[PDB]
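Source file: start_34.cif (mmCIF, N, CA and C atoms)
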```
data_coords
#
loop_
_atom_site.label_atom_id
_atom_site.label_comp_id
_atom_site.auth_asym_id
_atom_site.auth_seq_id
_atom_site.Cartn_x
_atom_site.Cartn_y
_atom_site.Cartn_z
N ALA A 1 -23.13 -43.81 -23.97
CA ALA A 1 -22.54 -43.43 -22.69
C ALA A 1 -22.08 -41.98 -22.72
N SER A 2 -22.53 -41.20 -21.74
CA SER A 2 -22.15 -39.80 -21.66
C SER A 2 -20.66 -39.66 -21.39
N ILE A 3 -20.05 -38.64 -21.99
CA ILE A 3 -18.62 -38.43 -21.82
C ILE A 3 -18.32 -37.93 -20.41
N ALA A 4 -17.29 -38.51 -19.80
CA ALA A 4 -16.85 -38.08 -18.48
C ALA A 4 -15.76 -37.03 -18.60
N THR A 5 -15.90 -35.95 -17.84
CA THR A 5 -14.99 -34.82 -17.90
C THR A 5 -14.19 -34.74 -16.61
N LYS A 6 -13.33 -33.72 -16.51
CA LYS A 6 -12.48 -33.56 -15.34
C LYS A 6 -13.29 -33.26 -14.08
N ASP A 7 -14.48 -32.69 -14.22
CA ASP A 7 -15.31 -32.37 -13.07
C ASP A 7 -16.32 -33.47 -12.74
N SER A 8 -16.29 -34.58 -13.47
CA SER A 8 -17.21 -35.69 -13.24
C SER A 8 -16.79 -36.41 -11.96
N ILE A 9 -17.53 -36.17 -10.87
CA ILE A 9 -17.19 -36.79 -9.60
C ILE A 9 -17.43 -38.29 -9.67
N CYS A 10 -16.74 -39.03 -8.81
CA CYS A 10 -16.85 -40.48 -8.78
C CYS A 10 -17.96 -40.92 -7.83
N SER A 11 -18.32 -42.20 -7.91
CA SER A 11 -19.38 -42.74 -7.06
C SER A 11 -18.84 -43.27 -5.74
N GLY A 12 -17.53 -43.42 -5.61
CA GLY A 12 -16.95 -43.95 -4.39
C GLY A 12 -17.08 -45.46 -4.29
N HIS A 13 -16.45 -46.06 -3.28
CA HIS A 13 -16.54 -47.50 -3.08
C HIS A 13 -16.28 -47.81 -1.62
N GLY A 14 -17.09 -48.72 -1.07
CA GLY A 14 -16.91 -49.14 0.32
C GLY A 14 -17.00 -47.97 1.27
N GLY A 15 -16.08 -47.94 2.23
CA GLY A 15 -15.97 -46.84 3.16
C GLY A 15 -15.20 -45.65 2.65
N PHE A 16 -14.72 -45.71 1.41
CA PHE A 16 -13.94 -44.63 0.82
C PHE A 16 -14.87 -43.66 0.11
N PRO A 17 -14.90 -42.39 0.49
CA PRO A 17 -15.90 -41.47 -0.07
C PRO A 17 -15.62 -41.12 -1.52
N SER A 18 -16.54 -40.36 -2.09
CA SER A 18 -16.42 -39.92 -3.47
C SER A 18 -15.35 -38.84 -3.60
N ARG A 19 -14.84 -38.67 -4.82
CA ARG A 19 -13.74 -37.76 -5.07
C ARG A 19 -13.74 -37.39 -6.55
N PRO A 20 -13.16 -36.25 -6.92
CA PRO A 20 -13.07 -35.88 -8.33
C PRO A 20 -11.75 -36.31 -8.93
N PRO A 21 -11.68 -36.46 -10.25
CA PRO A 21 -10.39 -36.71 -10.90
C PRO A 21 -9.56 -35.43 -10.99
N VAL A 22 -8.24 -35.61 -11.04
CA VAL A 22 -7.32 -34.47 -11.03
C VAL A 22 -6.55 -34.30 -12.33
N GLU A 23 -6.72 -35.20 -13.30
CA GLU A 23 -5.97 -35.12 -14.55
C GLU A 23 -6.93 -35.21 -15.73
N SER A 24 -6.49 -34.66 -16.86
CA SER A 24 -7.30 -34.60 -18.07
C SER A 24 -6.39 -34.35 -19.27
N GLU A 25 -7.00 -34.12 -20.43
CA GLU A 25 -6.26 -33.87 -21.66
C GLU A 25 -6.69 -32.53 -22.25
N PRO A 26 -5.77 -31.58 -22.46
CA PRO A 26 -6.18 -30.28 -23.00
C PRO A 26 -6.53 -30.30 -24.48
N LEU A 27 -6.10 -31.31 -25.23
CA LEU A 27 -6.33 -31.32 -26.67
C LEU A 27 -7.81 -31.30 -27.03
N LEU A 28 -8.67 -31.84 -26.17
CA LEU A 28 -10.11 -31.85 -26.42
C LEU A 28 -10.81 -31.13 -25.28
N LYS A 29 -11.64 -30.15 -25.62
CA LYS A 29 -12.43 -29.41 -24.64
C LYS A 29 -13.89 -29.44 -25.04
N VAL A 30 -14.75 -29.86 -24.11
CA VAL A 30 -16.19 -29.88 -24.31
C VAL A 30 -16.82 -28.94 -23.29
N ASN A 31 -17.51 -27.91 -23.79
CA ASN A 31 -18.13 -26.89 -22.94
C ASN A 31 -17.10 -26.24 -22.01
N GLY A 32 -15.85 -26.17 -22.46
CA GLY A 32 -14.79 -25.60 -21.66
C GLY A 32 -14.18 -26.54 -20.65
N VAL A 33 -14.67 -27.78 -20.55
CA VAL A 33 -14.15 -28.76 -19.61
C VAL A 33 -13.37 -29.80 -20.40
N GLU A 34 -12.11 -29.99 -20.04
CA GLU A 34 -11.24 -30.89 -20.78
C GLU A 34 -11.65 -32.34 -20.55
N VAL A 35 -11.25 -33.22 -21.47
CA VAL A 35 -11.75 -34.58 -21.48
C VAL A 35 -10.89 -35.47 -20.58
N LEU A 36 -11.51 -36.55 -20.11
CA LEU A 36 -10.85 -37.56 -19.28
C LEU A 36 -10.44 -38.74 -20.15
N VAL A 37 -9.20 -39.19 -19.99
CA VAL A 37 -8.62 -40.24 -20.81
C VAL A 37 -8.00 -41.28 -19.89
N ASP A 38 -7.63 -42.43 -20.47
CA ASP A 38 -7.01 -43.49 -19.69
C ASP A 38 -5.67 -43.05 -19.13
N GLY A 39 -5.30 -43.65 -18.00
CA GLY A 39 -4.08 -43.28 -17.31
C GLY A 39 -4.20 -42.09 -16.40
N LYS A 40 -5.37 -41.46 -16.33
CA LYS A 40 -5.52 -40.28 -15.49
C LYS A 40 -6.07 -40.67 -14.12
N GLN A 41 -5.58 -39.99 -13.09
CA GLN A 41 -5.76 -40.42 -11.71
C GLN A 41 -6.90 -39.67 -11.03
N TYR A 42 -7.63 -40.38 -10.18
CA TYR A 42 -8.59 -39.74 -9.28
C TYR A 42 -7.88 -39.33 -7.99
N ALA A 43 -8.46 -38.34 -7.32
CA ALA A 43 -7.94 -37.90 -6.03
C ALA A 43 -7.93 -39.06 -5.04
N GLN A 44 -7.22 -38.87 -3.93
CA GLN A 44 -7.16 -39.92 -2.92
C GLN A 44 -8.38 -39.86 -2.01
N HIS A 45 -8.83 -41.03 -1.57
CA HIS A 45 -9.86 -41.13 -0.56
C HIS A 45 -9.53 -42.28 0.38
N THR A 46 -10.00 -42.16 1.62
CA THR A 46 -9.70 -43.14 2.66
C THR A 46 -10.96 -43.45 3.45
N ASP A 47 -11.02 -44.67 3.98
CA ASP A 47 -12.12 -45.12 4.83
C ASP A 47 -11.80 -44.95 6.31
N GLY A 48 -10.71 -44.26 6.63
CA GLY A 48 -10.20 -44.22 7.99
C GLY A 48 -9.28 -45.36 8.35
N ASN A 49 -9.04 -46.29 7.42
CA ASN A 49 -8.16 -47.43 7.66
C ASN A 49 -7.03 -47.45 6.64
N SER A 50 -7.34 -47.14 5.39
CA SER A 50 -6.36 -47.12 4.32
C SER A 50 -6.78 -46.10 3.27
N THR A 51 -5.80 -45.64 2.49
CA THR A 51 -6.01 -44.62 1.47
C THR A 51 -6.00 -45.27 0.09
N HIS A 52 -6.97 -44.90 -0.74
CA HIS A 52 -7.10 -45.43 -2.09
C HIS A 52 -7.08 -44.29 -3.10
N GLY A 53 -6.42 -44.54 -4.23
CA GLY A 53 -6.38 -43.61 -5.35
C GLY A 53 -7.42 -43.95 -6.39
N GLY A 54 -6.96 -44.17 -7.62
CA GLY A 54 -7.85 -44.62 -8.67
C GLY A 54 -7.41 -44.24 -10.07
N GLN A 55 -7.51 -45.19 -11.00
CA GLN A 55 -7.18 -44.97 -12.40
C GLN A 55 -8.36 -45.39 -13.28
N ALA A 56 -8.68 -44.57 -14.27
CA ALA A 56 -9.79 -44.86 -15.15
C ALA A 56 -9.43 -45.97 -16.13
N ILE A 57 -10.43 -46.77 -16.49
CA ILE A 57 -10.28 -47.86 -17.45
C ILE A 57 -11.39 -47.74 -18.48
N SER A 58 -11.02 -47.40 -19.71
CA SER A 58 -12.02 -47.18 -20.76
C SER A 58 -12.53 -48.51 -21.30
N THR A 59 -13.81 -48.53 -21.68
CA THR A 59 -14.42 -49.67 -22.35
C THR A 59 -14.75 -49.39 -23.81
N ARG A 60 -14.25 -48.28 -24.36
CA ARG A 60 -14.51 -47.88 -25.74
C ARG A 60 -13.18 -47.64 -26.45
N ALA A 61 -12.28 -48.62 -26.34
CA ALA A 61 -10.91 -48.47 -26.80
C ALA A 61 -10.80 -48.20 -28.30
N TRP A 62 -11.85 -48.47 -29.07
CA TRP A 62 -11.83 -48.16 -30.50
C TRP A 62 -11.63 -46.67 -30.77
N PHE A 63 -12.24 -45.80 -29.97
CA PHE A 63 -12.22 -44.36 -30.20
C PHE A 63 -11.16 -43.78 -29.26
N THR A 64 -10.06 -43.31 -29.84
CA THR A 64 -8.96 -42.74 -29.08
C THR A 64 -8.60 -41.37 -29.62
N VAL A 65 -8.31 -40.45 -28.70
CA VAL A 65 -7.71 -39.16 -29.03
C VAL A 65 -6.34 -39.12 -28.37
N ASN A 66 -5.36 -38.58 -29.08
CA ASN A 66 -3.96 -38.57 -28.64
C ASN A 66 -3.45 -40.01 -28.50
N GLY A 67 -4.20 -40.95 -29.07
CA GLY A 67 -3.83 -42.35 -29.08
C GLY A 67 -4.16 -43.13 -27.83
N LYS A 68 -5.00 -42.61 -26.94
CA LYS A 68 -5.39 -43.29 -25.71
C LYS A 68 -6.90 -43.42 -25.65
N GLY A 69 -7.37 -44.54 -25.09
CA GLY A 69 -8.80 -44.80 -25.06
C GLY A 69 -9.54 -43.77 -24.22
N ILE A 70 -10.80 -43.51 -24.59
CA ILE A 70 -11.58 -42.47 -23.93
C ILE A 70 -12.55 -43.10 -22.93
N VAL A 71 -12.65 -42.47 -21.76
CA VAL A 71 -13.47 -42.96 -20.65
C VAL A 71 -14.80 -42.24 -20.65
N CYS A 72 -15.87 -42.98 -20.36
CA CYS A 72 -17.22 -42.44 -20.31
C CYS A 72 -17.87 -42.81 -18.98
N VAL A 73 -19.18 -42.59 -18.90
CA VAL A 73 -19.91 -42.93 -17.69
C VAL A 73 -20.13 -44.44 -17.64
N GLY A 74 -19.83 -45.04 -16.48
CA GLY A 74 -20.10 -46.44 -16.25
C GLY A 74 -18.88 -47.33 -16.20
N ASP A 75 -17.69 -46.81 -16.46
CA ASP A 75 -16.50 -47.65 -16.48
C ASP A 75 -15.88 -47.75 -15.09
N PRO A 76 -15.61 -48.97 -14.62
CA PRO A 76 -14.99 -49.13 -13.30
C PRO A 76 -13.62 -48.49 -13.21
N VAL A 77 -13.19 -48.24 -11.98
CA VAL A 77 -11.93 -47.57 -11.69
C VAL A 77 -11.02 -48.56 -10.98
N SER A 78 -9.71 -48.29 -11.01
CA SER A 78 -8.74 -49.21 -10.43
C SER A 78 -8.89 -49.34 -8.92
N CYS A 79 -9.57 -48.40 -8.27
CA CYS A 79 -9.82 -48.50 -6.84
C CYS A 79 -11.14 -49.20 -6.52
N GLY A 80 -11.92 -49.55 -7.54
CA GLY A 80 -13.21 -50.18 -7.34
C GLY A 80 -14.40 -49.26 -7.53
N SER A 81 -14.19 -47.95 -7.57
CA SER A 81 -15.29 -47.02 -7.77
C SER A 81 -15.74 -47.02 -9.23
N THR A 82 -16.75 -46.21 -9.52
CA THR A 82 -17.31 -46.08 -10.86
C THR A 82 -17.61 -44.62 -11.17
N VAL A 83 -17.72 -44.32 -12.46
CA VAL A 83 -18.08 -42.98 -12.90
C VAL A 83 -19.53 -42.71 -12.53
N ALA A 84 -19.80 -41.51 -12.01
CA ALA A 84 -21.12 -41.18 -11.50
C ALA A 84 -21.94 -40.31 -12.44
N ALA A 85 -21.32 -39.36 -13.14
CA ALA A 85 -22.05 -38.43 -13.99
C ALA A 85 -21.20 -38.02 -15.18
N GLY A 86 -21.87 -37.49 -16.20
CA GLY A 86 -21.19 -37.02 -17.39
C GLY A 86 -22.02 -35.96 -18.08
N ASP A 87 -21.40 -35.33 -19.08
CA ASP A 87 -22.05 -34.27 -19.84
C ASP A 87 -22.95 -34.90 -20.90
N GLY A 88 -24.19 -34.42 -20.99
CA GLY A 88 -25.15 -34.96 -21.94
C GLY A 88 -24.96 -34.49 -23.37
N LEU A 89 -24.01 -33.58 -23.60
CA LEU A 89 -23.79 -33.07 -24.96
C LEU A 89 -23.30 -34.17 -25.90
N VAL A 90 -22.41 -35.04 -25.42
CA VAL A 90 -21.79 -36.07 -26.24
C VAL A 90 -22.18 -37.43 -25.69
N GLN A 91 -22.62 -38.32 -26.57
CA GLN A 91 -22.96 -39.69 -26.22
C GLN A 91 -22.22 -40.64 -27.15
N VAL A 92 -21.66 -41.71 -26.58
CA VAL A 92 -20.91 -42.71 -27.32
C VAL A 92 -21.55 -44.06 -27.10
N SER A 93 -21.75 -44.81 -28.18
CA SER A 93 -22.36 -46.13 -28.10
C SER A 93 -21.78 -47.05 -29.16
#
```
Any chance you could put this one into structure tokens?
Amino acid sequence: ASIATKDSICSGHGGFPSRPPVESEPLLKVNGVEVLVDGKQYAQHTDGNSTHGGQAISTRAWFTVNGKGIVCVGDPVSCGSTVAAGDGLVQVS
């Protein structure tokens, strides 16, 4: 799974459009883009009826930096969306 960074836009869900994440970890930088970790929030999006946020949920909890699980491409979000893209430099399996 490709590593998801701070600029990795989301895939969106339902009537709520896509959005980028706003938080990251400075301790690890890949190609100058800091890494995305658990507990970090996506921007808000709305379907015109209600506003949804989003929190990443890692599926590779074995590998942690700063003691928190690392999020990659394909992991669902607390708002129902999913990771859409990642950097091909690093792959985790």
Q.
When the PyMOL selection byres (((chain A and resi 37 and name CA) around 6) and name CA) is applied to the structure above, which residues does it catch, written out as a count of residues only?
A. 4
Q) Out of chain A, which residues get strand (DSSP E or B) from DSSP, as a count of residues only? A) 44
(Q) Under the rule that all atoms listed in the file are counted, which of A:76, A:26, A:19, A:87 is the nearest residue to residue 42 of chain A? (A)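 Looking only at the distances to residue 42 of chain A, the closest residue turns out to be A:19.
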Q: Starting from the shown file, work through the PyMOL selection byres ((chain A and resi 51-60) around 7) and note down what comes out as a VMD selection string.
A: chain A and resid 37 to 50 61 to 64 69 to 72 75 to 80
Q.
Between atom C of residue 86 of chain A and atom C of residue 32 of chain A, what is the distance in Å, rounded to a tenth?
A.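 Value for the atom C of residue 86 of chain A-atom C of residue 32 of chain A distance: 12.5 Å.
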Q.
Measuring between only C-alpha atoms, which one of A:74, A:2, A:83, A:68 shows the shortest distance to residue 21 of chain A?
A.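 Nearest to residue 21 of chain A: A:83.
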(Q) With distances taken over only N, CA and C atoms, which residue among A:22, A:15, A:5, A:10 lies nearest residue 34 of chain A? (A)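 Counting only N, CA and C atoms, the residue closest to residue 34 of chain A is A:5.
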Q: Quote the spacing between atom CA of residue 35 of chain A and atom CA of residue 4 of chain A in Å to one decimal place.
A: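 If I compute the distance from atom CA of residue 35 of chain A to atom CA of residue 4 of chain A, I get 6.9 Å.
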**Q.** Interatomic distance, atom CA of residue 89 of chain A to atom C of residue 18 of chain A (Å, one decimal)
**A.**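 Distance reported for this atom pair: 23.7 Å.
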(Q) Starting from the PyMOL selection byres ((chain A and resi 1) around 5), expand the selection into actual residues of this file and give them as number ranges by chain. (A) A: 2-3, 73, 91-93
Q. Between A:84, A:67, A:90, A:6, which is the closest to residue 33 of chain A once you count only N, CA and C atoms?
A. A:6
So that all listed atoms of segment 57-60 of chain A fit with 8 Å spare on each side, what axis-aligned box centre and edge lengths in Å, to one decimal, would you give as AutoDock Vina command-line options?
```
--center_x -12.5 --center_y -48.2 --center_z -21.5 --size_x 20.5 --size_y 18.9 --size_z 26.0
```
Can segment 10-31 of chain A be brought up to N, CA, C and O atoms and written out as a PDB file, keeping the file's coordinate frame?
```pdb
ATOM      1  N   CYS A  10     -16.740 -39.030  -8.810  1.00  0.00           N
ATOM      2  CA  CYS A  10     -16.850 -40.480  -8.780  1.00  0.00           C
ATOM      3  C   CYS A  10     -17.960 -40.920  -7.830  1.00  0.00           C
ATOM      4  O   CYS A  10     -18.482 -40.131  -7.033  1.00  0.00           O
ATOM      5  N   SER A  11     -18.320 -42.200  -7.910  1.00  0.00           N
ATOM      6  CA  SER A  11     -19.380 -42.740  -7.060  1.00  0.00           C
ATOM      7  C   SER A  11     -18.840 -43.270  -5.740  1.00  0.00           C
ATOM      8  O   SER A  11     -19.633 -43.563  -4.838  1.00  0.00           O
ATOM      9  N   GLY A  12     -17.530 -43.420  -5.610  1.00  0.00           N
ATOM     10  CA  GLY A  12     -16.950 -43.950  -4.390  1.00  0.00           C
ATOM     11  C   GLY A  12     -17.080 -45.460  -4.290  1.00  0.00           C
ATOM     12  O   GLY A  12     -17.751 -46.082  -5.117  1.00  0.00           O
ATOM     13  N   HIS A  13     -16.450 -46.060  -3.280  1.00  0.00           N
ATOM     14  CA  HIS A  13     -16.540 -47.500  -3.080  1.00  0.00           C
ATOM     15  C   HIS A  13     -16.280 -47.810  -1.620  1.00  0.00           C
ATOM     16  O   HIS A  13     -15.381 -47.242  -1.000  1.00  0.00           O
ATOM     17  N   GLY A  14     -17.090 -48.720  -1.070  1.00  0.00           N
ATOM     18  CA  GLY A  14     -16.910 -49.140   0.320  1.00  0.00           C
ATOM     19  C   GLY A  14     -17.000 -47.970   1.270  1.00  0.00           C
ATOM     20  O   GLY A  14     -17.875 -47.108   1.161  1.00  0.00           O
ATOM     21  N   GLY A  15     -16.080 -47.940   2.230  1.00  0.00           N
ATOM     22  CA  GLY A  15     -15.970 -46.840   3.160  1.00  0.00           C
ATOM     23  C   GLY A  15     -15.200 -45.650   2.650  1.00  0.00           C
ATOM     24  O   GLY A  15     -15.026 -44.664   3.376  1.00  0.00           O
ATOM     25  N   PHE A  16     -14.720 -45.710   1.410  1.00  0.00           N
ATOM     26  CA  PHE A  16     -13.940 -44.630   0.820  1.00  0.00           C
ATOM     27  C   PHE A  16     -14.870 -43.660   0.110  1.00  0.00           C
ATOM     28  O   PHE A  16     -15.589 -44.078  -0.811  1.00  0.00           O
ATOM     29  N   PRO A  17     -14.900 -42.390   0.490  1.00  0.00           N
ATOM     30  CA  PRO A  17     -15.900 -41.470  -0.070  1.00  0.00           C
ATOM     31  C   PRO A  17     -15.620 -41.120  -1.520  1.00  0.00           C
ATOM     32  O   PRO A  17     -14.611 -41.516  -2.111  1.00  0.00           O
ATOM     33  N   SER A  18     -16.540 -40.360  -2.090  1.00  0.00           N
ATOM     34  CA  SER A  18     -16.420 -39.920  -3.470  1.00  0.00           C
ATOM     35  C   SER A  18     -15.350 -38.840  -3.600  1.00  0.00           C
ATOM     36  O   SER A  18     -14.990 -38.167  -2.633  1.00  0.00           O
ATOM     37  N   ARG A  19     -14.840 -38.670  -4.820  1.00  0.00           N
ATOM     38  CA  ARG A  19     -13.740 -37.760  -5.070  1.00  0.00           C
ATOM     39  C   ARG A  19     -13.740 -37.390  -6.550  1.00  0.00           C
ATOM     40  O   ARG A  19     -14.281 -38.139  -7.377  1.00  0.00           O
ATOM     41  N   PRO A  20     -13.160 -36.250  -6.920  1.00  0.00           N
ATOM     42  CA  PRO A  20     -13.070 -35.880  -8.330  1.00  0.00           C
ATOM     43  C   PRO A  20     -11.750 -36.310  -8.930  1.00  0.00           C
ATOM     44  O   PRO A  20     -10.762 -36.519  -8.207  1.00  0.00           O
ATOM     45  N   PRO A  21     -11.680 -36.460 -10.250  1.00  0.00           N
ATOM     46  CA  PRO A  21     -10.390 -36.710 -10.900  1.00  0.00           C
ATOM     47  C   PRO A  21      -9.560 -35.430 -10.990  1.00  0.00           C
ATOM     48  O   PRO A  21     -10.094 -34.319 -11.018  1.00  0.00           O
ATOM     49  N   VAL A  22      -8.240 -35.610 -11.040  1.00  0.00           N
ATOM     50  CA  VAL A  22      -7.320 -34.470 -11.030  1.00  0.00           C
ATOM     51  C   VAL A  22      -6.550 -34.300 -12.330  1.00  0.00           C
ATOM     52  O   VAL A  22      -5.787 -33.328 -12.456  1.00  0.00           O
ATOM     53  N   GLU A  23      -6.720 -35.200 -13.300  1.00  0.00           N
ATOM     54  CA  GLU A  23      -5.970 -35.120 -14.550  1.00  0.00           C
ATOM     55  C   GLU A  23      -6.930 -35.210 -15.730  1.00  0.00           C
ATOM     56  O   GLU A  23      -8.030 -35.760 -15.636  1.00  0.00           O
ATOM     57  N   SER A  24      -6.490 -34.660 -16.860  1.00  0.00           N
ATOM     58  CA  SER A  24      -7.300 -34.600 -18.070  1.00  0.00           C
ATOM     59  C   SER A  24      -6.390 -34.350 -19.270  1.00  0.00           C
ATOM     60  O   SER A  24      -5.159 -34.349 -19.148  1.00  0.00           O
ATOM     61  N   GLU A  25      -7.000 -34.120 -20.430  1.00  0.00           N
ATOM     62  CA  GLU A  25      -6.260 -33.870 -21.660  1.00  0.00           C
ATOM     63  C   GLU A  25      -6.690 -32.530 -22.250  1.00  0.00           C
ATOM     64  O   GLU A  25      -7.888 -32.335 -22.524  1.00  0.00           O
ATOM     65  N   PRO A  26      -5.770 -31.580 -22.460  1.00  0.00           N
ATOM     66  CA  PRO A  26      -6.180 -30.280 -23.000  1.00  0.00           C
ATOM     67  C   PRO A  26      -6.530 -30.300 -24.480  1.00  0.00           C
ATOM     68  O   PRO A  26      -7.194 -29.365 -24.943  1.00  0.00           O
ATOM     69  N   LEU A  27      -6.100 -31.310 -25.230  1.00  0.00           N
ATOM     70  CA  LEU A  27      -6.330 -31.320 -26.670  1.00  0.00           C
ATOM     71  C   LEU A  27      -7.810 -31.300 -27.030  1.00  0.00           C
ATOM     72  O   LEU A  27      -8.164 -30.793 -28.098  1.00  0.00           O
ATOM     73  N   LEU A  28      -8.670 -31.840 -26.170  1.00  0.00           N
ATOM     74  CA  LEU A  28     -10.110 -31.850 -26.420  1.00  0.00           C
ATOM     75  C   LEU A  28     -10.810 -31.130 -25.280  1.00  0.00           C
ATOM     76  O   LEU A  28     -10.609 -31.471 -24.106  1.00  0.00           O
ATOM     77  N   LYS A  29     -11.640 -30.150 -25.620  1.00  0.00           N
ATOM     78  CA  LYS A  29     -12.430 -29.410 -24.640  1.00  0.00           C
ATOM     79  C   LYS A  29     -13.890 -29.440 -25.040  1.00  0.00           C
ATOM     80  O   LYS A  29     -14.245 -29.085 -26.173  1.00  0.00           O
ATOM     81  N   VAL A  30     -14.750 -29.860 -24.110  1.00  0.00           N
ATOM     82  CA  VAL A  30     -16.190 -29.880 -24.310  1.00  0.00           C
ATOM     83  C   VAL A  30     -16.820 -28.940 -23.290  1.00  0.00           C
ATOM     84  O   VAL A  30     -16.678 -29.144 -22.083  1.00  0.00           O
ATOM     85  N   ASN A  31     -17.510 -27.910 -23.790  1.00  0.00           N
ATOM     86  CA  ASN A  31     -18.130 -26.890 -22.940  1.00  0.00           C
ATOM     87  C   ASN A  31     -17.100 -26.240 -22.010  1.00  0.00           C
ATOM     88  O   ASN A  31     -17.432 -25.819 -20.900  1.00  0.00           O
TER      89      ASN A  31
END
```
